[PDB]
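Letters A, B, ... mirror the listed sequences (proteins, then strands); counts begin at 1. Keep in mind that the numbers below use all heavy atoms, side chains included, and drop hydrogens, waters and symmetry copies.
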Amino acid sequence: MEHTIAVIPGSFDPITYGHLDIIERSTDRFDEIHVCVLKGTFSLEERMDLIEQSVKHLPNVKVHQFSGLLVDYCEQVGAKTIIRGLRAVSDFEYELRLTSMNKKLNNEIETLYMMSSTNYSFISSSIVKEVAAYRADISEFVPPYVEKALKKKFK
Amino acid sequence: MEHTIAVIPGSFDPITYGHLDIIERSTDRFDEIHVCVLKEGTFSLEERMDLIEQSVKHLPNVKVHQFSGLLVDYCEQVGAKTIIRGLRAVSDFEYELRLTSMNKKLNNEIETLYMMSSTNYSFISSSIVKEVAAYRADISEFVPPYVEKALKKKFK
Amino acid sequence: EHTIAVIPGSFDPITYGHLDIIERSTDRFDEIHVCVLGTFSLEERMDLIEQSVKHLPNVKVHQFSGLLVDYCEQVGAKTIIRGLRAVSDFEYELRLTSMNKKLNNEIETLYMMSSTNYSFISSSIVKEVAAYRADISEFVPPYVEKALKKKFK
Amino acid sequence: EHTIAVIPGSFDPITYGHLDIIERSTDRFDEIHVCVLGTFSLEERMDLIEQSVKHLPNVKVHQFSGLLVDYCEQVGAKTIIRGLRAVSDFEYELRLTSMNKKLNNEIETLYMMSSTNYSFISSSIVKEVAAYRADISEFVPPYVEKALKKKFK
Amino acid sequence: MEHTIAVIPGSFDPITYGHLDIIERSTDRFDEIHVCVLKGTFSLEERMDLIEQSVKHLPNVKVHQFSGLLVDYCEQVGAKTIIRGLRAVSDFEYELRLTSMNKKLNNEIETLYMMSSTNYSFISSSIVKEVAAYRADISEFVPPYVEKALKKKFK
Amino acid sequence: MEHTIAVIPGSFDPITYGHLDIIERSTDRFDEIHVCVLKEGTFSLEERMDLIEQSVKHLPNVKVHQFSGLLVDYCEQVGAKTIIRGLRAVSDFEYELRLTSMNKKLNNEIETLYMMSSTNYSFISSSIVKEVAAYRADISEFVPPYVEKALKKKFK
Ligand SMILES: COc1cc(OC)nc([C@@H]2CCCC[C@H]2C(=O)NCc2ccc(Cl)c(Cl)c2)n1
Ligand SMILES: COc1cc(OC)nc([C@@H]2CCCC[C@H]2C(=O)NCc2ccc(Cl)c(Cl)c2)n1
Ligand SMILES: COc1cc(OC)nc([C@@H]2CCCC[C@H]2C(=O)NCc2ccc(Cl)c(Cl)c2)n1
Ligand SMILES: COc1cc(OC)nc([C@@H]2CCCC[C@H]2C(=O)NCc2ccc(Cl)c(Cl)c2)n1
Ligand SMILES: COc1cc(OC)nc([C@H]2CCCCC2C(=O)NCc2ccc(Cl)c(Cl)c2)n1
Ligand SMILES: COc1cc(OC)nc([C@H]2CCCCC2C(=O)NCc2ccc(Cl)c(Cl)c2)n1
Ligand SMILES: Nc1ncnc2c1ncn2[C@@H]1O[C@H](COP(=O)(O)OP(=O)(O)O)[C@@H](O)[C@H]1O
Ligand SMILES: Nc1ncnc2c1ncn2[C@@H]1O[C@H](COP(=O)(O)OP(=O)(O)O)[C@@H](O)[C@H]1O
Ligand SMILES: Nc1ncnc2c1ncn2[C@@H]1O[C@H](COP(=O)(O)OP(=O)(O)O)[C@@H](O)[C@H]1O
Ligand SMILES: Nc1ncnc2c1ncn2[C@@H]1O[C@H](COP(=O)(O)OP(=O)(O)O)[C@@H](O)[C@H]1O
Ligand SMILES: Nc1ncnc2c1ncn2[C@@H]1O[C@H](COP(=O)(O)OP(=O)(O)O)[C@@H](O)[C@H]1O
Ligand SMILES: Nc1ncnc2c1ncn2[C@@H]1O[C@H](COP(=O)(O)OP(=O)(O)O)[C@@H](O)[C@H]1O
């Protein structure tokens, strides 16, 4: 069928392996994946840098930013699909409310969810930044370039 | 992108507009959709398959099949790399998480993708439709006409 | 009876969890109809309720063959009252009320939170503990207590 | 006013999610008091409600400095009405009602399930989408729609 | 302080690694652990056999059965503690109702919970028996003796 | 069984009967209990520590300490092999699961054991107590007398 683009939105503050698992699991299912960030501990430029480094190895992944509604981004770019991860019930209820709205905003865009893998269900940007603030080891939670940037941040 | 098949599993006893919401939202996003039914409840397998075929024959690319073994083995046999499931509620969510955790052990090449039921159809289930049909309430908002006819005849 | 609230259930048997909700409702409506459909027969269940609510003069006990929302219409009740104990109650009641609103848009379902002492009580766990001869006086009214002890010794 | 129900909130601003609950309550009590405490000032919030409920003759809008349960006492309301949308609403309301019952055992809180069309609407998401110039006519009444467009253009 | 016994109740139909993770995590925290079963696919005698084999290696673990209330078992035996696992929200609400009752039945017995490890959050006796019915591999979910018994059962 | 220490962490701003429910249920089950407080909210650290000490001085074996680093490192420094936490609600549960998953990565020798709050104290939190105290409702059911006195003086 036709050319397909999916958009994976987030603040990526910073990007983690929780985020990359979803991105990686999505690259074989769409022609292109756009990782999209709006417009926190890392600046926009820094967050964009961390993502690009962390998805270097996935040639069908682009990193962009946008100031506007997500569904309007999808519409400019010709994406029909938003991809979101779910780890837990609090994610689930929140994501339900977002999609209910997005469907009002633009009914041609669908949101598809995938369940986080077993090992990553507990990771978020927040808790990684908490562990990094106490300088504990974060190598299992984030890629090597992001590991370096967190350690320099919480020096 | 090469040829994609997605699989929509269920018991469909009977198919409702809650199930069709998901099926019509998936038909444009893959080359083919297989609706896959397992192997009593109130309609036989052959009846459930007939109801589905009549309820989806307006779509271009939806096939209705039975199985037998594991869902993930059905997906491998047919070349589907995706399972599609609807989420309505928190309790759906927790159950689906347990199933996908297991299916990833069984075959980590198959992804399960979820979509949220539309707000109008969240509350519908085969079970509650049969309840209401048994009391002979008007069920035309809940199921397609061919299914409506079959329920009415089941329940008098 | 300008206003009637209906309190449905299986009541197999009625417990102080059910009575909590019933007693809290009495002052808010001219009449309350406890409406019924296991371990106890229908006739038995109805008698256990009748005896348990006889101290509440605006509460009446009935049975119905048909949809709840058609009962409400028939008696002129515009309100169904349901108790909530837990997240699982909440989701289940959300589905039932979504459908009831489709069946009859003019009846509302109102919920009350179970009181904290009675949040863990169901007919099922009372019966289970009764089968083991536990002391059940804190969970059910005296007439139900007797019926449970008779059933299970 | 044999019976008064109180509907509390921040209403910052009132949306059709709030109005859903208010409109569904009007027929069930002699009076409804919408009771108030952000993006809009108190005075602004009160005006937006007043204009949004002027078609409902038994609804009045008030503010209070003090505990909700003391307001209810003061006006003679024995019922607080709250809407439930989701599991997270449910848990939060359970804690508030547990405490309100301790503060005044004679006031009951009754819940209604938000209607399915309006389940996802909050003041917060309406404001967010308004900040982006989205069409908001399906989420808020016309007088609130104007106030949001004025605020955000 | 004094001698301590904890009781880990269940139907163990059959025992899984989800169950054994909790048992194992509990053995260093009490002087004795009693695995207790009341009085399904495996008979009582079979279930007791599967447990004893699976906890052979934990010398402070006993396996018993009882027909009576759990808190009365704890009381006969001098246990002050029931240990239960939690995997998910549905577990949580159910376990809350059980403990609320058990506290009425006997207030001297406390129930302590531990969270299932990441890898075992999805396993139950039920789902293992479903996988075993389709003869898929269950070696990651159950110990070797139980693996053998399931395969012979779903031959 | 050798000497056991269990640690009860929190902010305790201020300690309430909800926190004490857990602390009194744990004092008989370990040799020692450390109540461990982190490192504004409405009471300073030194005040929060004072309130706890006065609220627990009737128990035999409860010490009140501050830290600084990671909880799990506090446990290692002190020889505690157990963290005790109360659960009131589903939302407590999900949050605690995320924390214990992480703490097991940080130190897999420390176990987190949970107990359900008693039904009478489930709804209490430091937050709601301060709310009610600010309106000068009677708070004697919610906090011990020494804490009751301190809240009253905070809020007039
Ligand atoms: C479905 O996934 C998300 C994620 C999300 O925030 C991460 N917000 C939204 C919003 C849902 C309804 C209200 C406006 C929606 C929005 O579009 N806010 C701007 C926004 C945010 C994030 C990005 Cl990456 C962009 Cl381009 C643009 N839906
Ligand atoms: C994600 O969707 C579903 C749905 C579901 O319903 C029972 N079960 C499964 C199962 C999950 C792991 C254990 C066995 C798994 C299985 O395969 N169970 C039977 C099953 C077989 C074959 C078919 Cl064709 C169906 Cl439709 C259904 N995953
Ligand atoms: C807390 O852990 C459990 C687990 C559980 O079932 C696995 N039931 C109970 C029950 C809770 C209240 C009602 C009676 C309680 C019971 O005691 N039922 C008999 C019973 C069951 C299991 C066993 Cl192993 C025994 Cl010895 C004896 N609490
Ligand atoms: C199980 O109990 C708690 C409670 C809690 O509250 C913040 N956080 C933690 C944290 C969980 C993993 C990431 C860092 C972990 C930590 O250690 N965070 C700071 C923290 C430090 C030191 C102390 Cl002494 C306390 Cl009380 C609290 N686990
Ligand atoms: C709000 O409370 C209940 C409770 C409940 O029990 C199961 N079912 C219902 C119904 C759910 C919508 C589908 C039909 C429903 C019904 O009306 N079933 C007949 C019914 C049941 C209970 C009673 Cl007491 C009566 Cl008179 C008549 N709504
Ligand atoms: C049931 O609905 C609400 C809503 C709510 O808003 C936050 N708070 C409350 C309270 C929760 C118990 C502790 C005191 C509580 C209170 O009474 N706070 C003053 C208060 C708040 C809202 C209003 Cl509208 C008023 Cl008049 C006065 N119960
Ligand atoms: N109110 C809320 N309830 C539940 N989760 C929330 C809430 N607000 C933010 N989040 C979560 O915080 C994270 C940050 O936001 P988001 O822009 O989606 O992605 P990211 O984590 O990539 O920066 C998300 O994983 C989101 O699910
Ligand atoms: N906690 C739960 N445990 C078991 N099943 C659940 C739970 N929550 C939702 N469900 C499932 O929803 C099912 C109906 O869906 P399914 O059998 O997959 O077919 P269909 O999609 O045709 O309705 C019920 O059999 C029920 O098992
Ligand atoms: N999926 C479900 N979740 C929660 N409760 C359920 C479910 N299915 C049936 N029930 C019944 O709803 C009950 C509340 O019962 P109701 O219909 O009012 O009769 P009663 O209150 O006498 O039990 C629970 O005690 C249980 O018997
Ligand atoms: N922990 C919480 N969970 C859910 N809602 C919360 C929480 N804390 C505060 N709220 C507020 O409760 C609101 C319901 O608000 P309420 O107190 O009635 O004012 P309003 O309805 O105008 O928002 C949500 O919109 C939110 O602003
Ligand atoms: N109504 C229910 N809701 C949630 N979980 C349940 C329910 N009924 C049984 N269970 C679960 O089924 C399993 C079997 O029961 P139990 O006797 O505790 O242990 P086991 O799994 O060792 O046989 C448990 O893990 C228990 O949590
Ligand atoms: N979803 C959640 N996210 C963050 N915190 C939560 C959540 N649910 C409950 N809590 C926590 O309950 C806390 C109060 O407990 P804590 O800070 O450990 O100390 P204390 O035990 O003294 O109250 C709040 O800060 C709050 O963060």
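Here the CZ atom belonging to A:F154 is positioned 10.5 Å from the CZ atom belonging to A:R135, to the nearest 0.5 angstrom. The OG atom of F:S122 sits 11.5 Å away from atom CE of F:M116, with the distance rounded to the nearest 0.5 Å. Here F:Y95 contributes atom OH and F:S91 contributes atom OG; the two are 11.0 Å apart, rounded to the nearest 0.5 Å. The line from OH of A:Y113 to CD1 of A:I83 is 11.0 Å long, rounded to the nearest 0.5 Å.
The minimum heavy-atom distance linking D:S123 with D:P13 is given by the pair OG-O, 2.6 Å. Closest heavy-atom contact between A:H57 and A:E24: NE2-OE2, 2.9 Å. Minimum heavy-atom separation, D:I121 to D:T15: CG2-OG1, 3.6 Å. Listed here is the closest heavy atom pair of A:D137 and A:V131: O-CG1, 4.3 Å. Of all the heavy atoms in F:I33 and F:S26, the pair that sits closest is CD1-OG, 3.1 Å. Here the closest heavy-atom approach between residue F:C36 and residue F:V7 is recorded as CB-CG1, 3.7 Å.
For D:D12, the salt bridge (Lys or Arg N to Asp or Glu O under 4.0 Å) criterion is met by D:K127, not counting sequence neighbours. With sequence neighbours excluded, no residue satisfies side-chain hydrogen bond (donor to acceptor under 3.5 Å, both in side chains) with B:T112. With sequence neighbours excluded, the residues forming a side-chain hydrogen bond (donor to acceptor under 3.5 Å, both in side chains) with F:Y74 are F:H65, listed by chain and number.
Put simply, the side chain of D:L37 reaches to within 4.5 Å of the side chain of D:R45, judged on heavy atoms. Counting only heavy atoms from C-beta outward, the side chains of F:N107 and F:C75 never approach each other to under 4.5 Å. With a 4.5 Å cut-off on side-chain heavy atoms, A:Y145 and A:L50 count as touching. Side-chain contact between A:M114 and A:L86 is absent, with no heavy atoms from C-beta onward closer than 4.5 Å. You'll find the side chain of F:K154 reaches within 4.5 Å of the side chain of F:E47, heavy atoms only. By the 4.5 Å heavy-atom criterion applied to side chains, C:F90 and D:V87 are counted as neighbours. Looking at A:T81 and A:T4, their side chains never come closer than 4.5 Å, going by heavy atoms from C-beta outward. D:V126 is listed as a side-chain neighbour of D:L148, based on a closest heavy-atom distance under 4.5 Å.
Side chain of A:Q65 to main chain of A:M48: no donor-acceptor pair is present (N/O by atom type, distance under 3.5 Å, no hydrogens or angles).
Taking 4.0 Å as the cut-off between side-chain N and carboxylate O, F:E94 and F:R98 do not count as a salt-bridged pair. Comment: D:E138 engages A:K104 in a salt bridge, judged by a side-chain N to carboxylate O separation of less than 4.0 angstrom.
There is no side-chain donor-acceptor pair under 3.5 Å between F:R88 and F:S125.
Between A:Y120 and A:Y17, the ring planes are tilted. Angles from 30° to 60° get that label.
Atom CD of B:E109 has 12 or fewer heavy atoms from other residues, nucleotides or ligands within 6.0 Å.
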